[PDB]
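For reference, the structure discussed in these notes is given below.
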Amino acid sequence: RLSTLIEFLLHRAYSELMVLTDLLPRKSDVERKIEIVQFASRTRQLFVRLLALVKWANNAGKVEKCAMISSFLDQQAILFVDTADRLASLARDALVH
Amino acid sequence: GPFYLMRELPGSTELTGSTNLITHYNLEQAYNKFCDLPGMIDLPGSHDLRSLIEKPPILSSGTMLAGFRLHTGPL
Amino acid sequence: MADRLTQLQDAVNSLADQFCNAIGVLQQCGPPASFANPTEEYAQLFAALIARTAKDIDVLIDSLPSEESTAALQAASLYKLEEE
Amino acid sequence: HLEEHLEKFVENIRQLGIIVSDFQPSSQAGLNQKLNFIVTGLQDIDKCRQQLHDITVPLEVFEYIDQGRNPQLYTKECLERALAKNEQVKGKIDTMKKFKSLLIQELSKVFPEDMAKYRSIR
Amino acid sequence: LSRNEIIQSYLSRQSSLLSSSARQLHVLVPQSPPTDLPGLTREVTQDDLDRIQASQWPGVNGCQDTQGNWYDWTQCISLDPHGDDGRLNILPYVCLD
C-alpha cells in the first residue's frame, strides 16, 4: 500500500510544484521567495514523513505477527464466552421445557 | 463400570493460549529491545498546517520542462 | 407440587445452572497473569456448591421408590382396597 | 531500502534549495529548482522501485507520524497489546486449572469410589 | 450476563443453596431381581398384599433410615448428608390433599 501512497505523494508534489512554477513569474518576486520557502517546507515535511514510513518498513513484519497473535487470542476468548453461553442456553431454555 | 458417554480428550499440549506465544513465535528479542523518530530524523534535518495537509493526504491514501518554465528573477 | 420428584427436578436444573454460572464467572473474572484472591474464593465456593448439589441429588434418588412395586402390585392392592 | 536514501538526498537538496533561495543569490539559483525537478524524476524512479518493493503499511503508522512520535512507539504498543492478551488468556486458563483441581478434590471427598474410578480412567 | 458482582454473586449463592438444601442417610437398597409382575412373576397371591398394607417394606411402603426412624410416603424426611448444620429436607412423595 506504501507504493500507491509514494506515487500519489510524488504526483501531488509535482503538481503543486507545477502550480508554484506557473505562479512563479506571476507572483511578486520578493514575496515569491517567501512562498517558495513555504512550499519547500511543505515538501520537506512530506518527504520526512515518507522517510519515517520507509524507516518503519523494517518493523512491518513484526506488527503483522502481532496482529496474528491478537486475532488468535481474541478467538480463544470468544470460545470461552461461547461455551458459557451455550451452557446457559441449555440450563435455562431446554431443560425448563 | 464406564460412565455414559466418555470419550478421548485431545492431544496433551497442542497450541493453546497458555504457552508463551511470543517466544514460540520468535519475537522475543524485538520485545526485549523495545521494553521520537521525528527527533531521530531531526538528527538528520532541522525540525519535525500544510504538514497537516501532508498527514491528510496520508489519511486520504517533464522535469526539464519545469526547469525551463521556472523563470523567476533574483531580487 | 411439593414432592420428592419436583425437588429432584429442581436440583438437577440447579446443577446445570451452577455449571453455566461457574464457567461464566471463572472465565469472565480473573487476575491477569505473570510469566485474584476474591476469584480464588469464588472458585472454592462454586466447587463446594456443585459438590453439595450432587450429594443432594444422590440422596433424593436413594429416597424415591424401588424397581419393586411394579404397576401390577399397585393395581392388585388397589383392587383389594376397593373390596375392603 | 534504496528509496530511503534517495528520498533523503532529495530532502537534503530541498533544504539546501530553501536555504539558497532564502538568500539573495545574484548567481544562478535555478539549479536548485532543476535539482528539485531531477529529484522528482528520481522519485518517479523510486516509485518504480516501490512497485518493485510492494510495502503494505497500516494507517495508524500514518496517524502516529501525524502525532510526530516514533512509529517505534506503535511497535511497542502492538507488542504490549499482544502480551496483554496473552496474559489475560493464560490467566483465564489458570483459573480453570485451579477450579478443576478444587472440583476433583471436593468430589473425591464426597464421592470416593466414583472419583477413584475417574482418576483410574483419567 | 455481562457482569457478575460480589453482591449479585452472593445472591446467586443463597438462592441456589435455598433451592437445593455421623451420616444420617437412608439405608442403602440393593438391586431387586424379584419384581412382582415382570421379574419373579408371582401369580396374584396374598402375602405380598398383606406386606404392602400392614408390614414395613422399605422399597414400596416407605423409606427407611439410619438411627432407625421409618418414614412412609406421606411424610417429610429430615436428613443431613453433609457434615454441616444445613439439613436436607425431602418433601413428602404423595402429599395427600
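Protein chains in written order, with this note's numbering: chain A, 6 to 102; chain B, 90 to 164; chain C, 16 to 99; chain D, 363 to 484; chain E, 817 to 913.
From the three backbone atoms N, C-alpha and C, an ideal C-beta is built for every residue, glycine too.
Where the alpha helix (DSSP H) through residue i begins and ends
| i | result |
| --- | --- |
| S831 of chain E | 822-836 |
| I466 of chain D | 434-472 |
| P91 of chain B | From DSSP, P91 of chain B is part of no alpha helix (DSSP H); its letter is neither H nor E. |
| residue 148 of chain C | For residue 148 of chain C there is no data in the structure shown, the boundaries of chain C being 16 and 99. |
| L104 of chain B | Per DSSP, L104 of chain B belongs to no alpha helix (DSSP H) and is neither H nor E. |
| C71 of chain A | 65-94 |
| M129 of chain B | 126-131 |
| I38 of chain C | 19-43 |
| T9 of chain A | 7-28 |
| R431 of chain D | Segment: none, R431 of chain D is in no alpha helix (DSSP H) and carries neither H nor E. |
| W61 of chain A | 34-61 |
| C410 of chain D | 392-415 |
Rounded separation between residue i and residue j - CA only
| i | j | result |
| --- | --- | --- |
| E422 of chain D | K70 of chain A | 16 Å |
| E40 of chain A | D384 of chain D | 10 Å |
| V59 of chain A | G379 of chain D | 23 Å |
| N905 of chain E | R829 of chain E | 18 Å |
| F461 of chain D | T102 of chain B | 19 Å |
| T857 of chain E | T851 of chain E | 7 Å |
| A96 of chain A | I65 of chain C | 14 Å |
| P433 of chain D | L110 of chain B | 23 Å |
| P897 of chain E | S29 of chain C | 18 Å |
| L364 of chain D | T402 of chain D | 15 Å |
| residue 125 of chain A | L116 of chain B | This structure cannot speak to residue 125 of chain A, because chain A is shown only from 6 to 102. |
| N63 of chain A | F157 of chain B | 39 Å |
| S94 of chain A | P53 of chain C | 27 Å |
| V382 of chain D | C124 of chain B | 43 Å |
| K438 of chain D | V68 of chain A | 9 Å |
| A838 of chain E | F77 of chain A | 52 Å |
| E97 of chain B | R484 of chain D | 10 Å |
| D27 of chain A | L368 of chain D | 27 Å |
| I868 of chain E | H842 of chain E | 20 Å |
| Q395 of chain D | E366 of chain D | 21 Å |
| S848 of chain E | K459 of chain D | 42 Å |
Chain A contact residues for residue i, given Cβ-Cβ distances below 7 Å
| i | result |
| --- | --- |
| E103 of chain B | Near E103 of chain B there are no residues of chain A at all, since even the closest Cβ is about 12 Å away, more than 7 Å. |
Beta-carbon neighbours of residue i, restricted to chain B and to distances below 9 Å
| i | result |
| --- | --- |
| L14 of chain A | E143, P146, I147, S150 |
| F424 of chain D | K144, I147, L148, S150 |
Within chain B, partners of residue i - CB distance below 7 Å
| i | result |
| --- | --- |
| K438 of chain D | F123 |
| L469 of chain D | Residues of chain B passing the Cβ test: none, with the nearest at roughly 13 Å. |
Cross-chain neighbours of residue i in chain A, by beta carbon under 8 Å
| i | result |
| --- | --- |
| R158 of chain B | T26, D27 |
Under 8 Å from the C-beta of residue i: neighbouring residues of chain B
| i | result |
| --- | --- |
| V451 of chain D | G106, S107 |
| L10 of chain A | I147, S150 |
Cβ-heavy atom distance, residue i to the ligand FMN, below 8 Å
| i | result |
| --- | --- |
| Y57 of chain C | For the ligand FMN, the structure offers nothing, since it holds no ligand at all. |
First and last residue of the uninterrupted beta strand (DSSP E) at residue i
| i | result |
| --- | --- |
| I906 of chain E | 904-906 |
| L895 of chain E | 893-895 |
Beta-carbon neighbours of residue i, restricted to chain E and to distances below 8 Å
| i | result |
| --- | --- |
| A17 of chain C | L907, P908, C911 |
Listed by chain order, chain C residues near residue i by CB distance under 7 Å
| i | result |
| --- | --- |
| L895 of chain E | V74 |
Contacts that residue i makes with chain E (C-beta to C-beta distance below 7 Å)
| i | result |
| --- | --- |
| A87 of chain C | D852, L853 |
| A58 of chain C | Going along chain E, no residue has its Cβ under 7 Å from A58 of chain C, so there is no contact; the nearest lies around 12 Å. |
Cross-chain neighbours of residue i in chain C, by beta carbon under 8 Å
| i | result |
| --- | --- |
| residue 811 of chain E | Residue 811 of chain E lies beyond the stretch modelled for chain E, which goes from 817 to 913, so this question has no answer here. |
Subject >> Touching by the beta-carbon criterion (3+ pairs, under 8 Å), the stretch 102-121 of chain B and the stretch 74-84 of chain A >> reply: yes
**OP:** Give the residues from the stretch 61-93 of chain A that approach chain B closer than 9 Å (Cβ to any Cβ), ordered along the chain.
**Re:** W61, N64, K67, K70, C71, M73, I74, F77, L78, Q81, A82
Subject >> Residues of the stretch 30-57 of chain A with Cβ closer than 8 Å to any Cβ of chain D, in chain order >> reply: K38, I41, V42, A45, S46, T48, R49, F52, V53, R54, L55, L56, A57
Subject >> Members of the stretch 63-75 of chain C near chain E, C-beta cut-off 7 Å >> reply: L64, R67, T68, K70, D71, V74, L75
Subject >> Short-range partners of chain A found in the stretch 381-411 of chain D, where Cβ spacing is below 8 Å >> reply: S383, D384, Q395, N398, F399, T402, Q405, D406, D408, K409
Original post:
Are there three or more Cβ pairs, one per stretch, closer than 8 Å when the stretch 431-449 of chain D is compared with the stretch 35-46 of chain C?
Top reply: no
Original post:
Listed in chain order, which residues of the stretch 22-53 of chain C have Cβ atoms closer than 7 Å to some Cβ of chain A?
Top reply: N28, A31, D32, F34, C35, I38, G39, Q42
**OP:** Take every Cβ of the stretch 17-35 of chain A, pair it with every Cβ of the stretch 147-164 of chain B, and state whether three or more of those distances are shorter than 8 Å.
**Re:** yes
Original post:
Should the stretch 132-149 of chain B be regarded as contacting the stretch 870-889 of chain E, the criterion being three or more beta carbon pairs within less than 8 Å?
Top reply: no
**OP:** Report yes or no: do the stretch 831-848 of chain E and the stretch 65-85 of chain C share at least 3 C-beta pairs separated by less than 8 Å?
**Re:** yes
**OP:** Taking 8 Å as the threshold, find out whether the stretch 128-143 of chain B comes into contact with the stretch 41-50 of chain A through three or more Cβ pairs.
**Re:** yes
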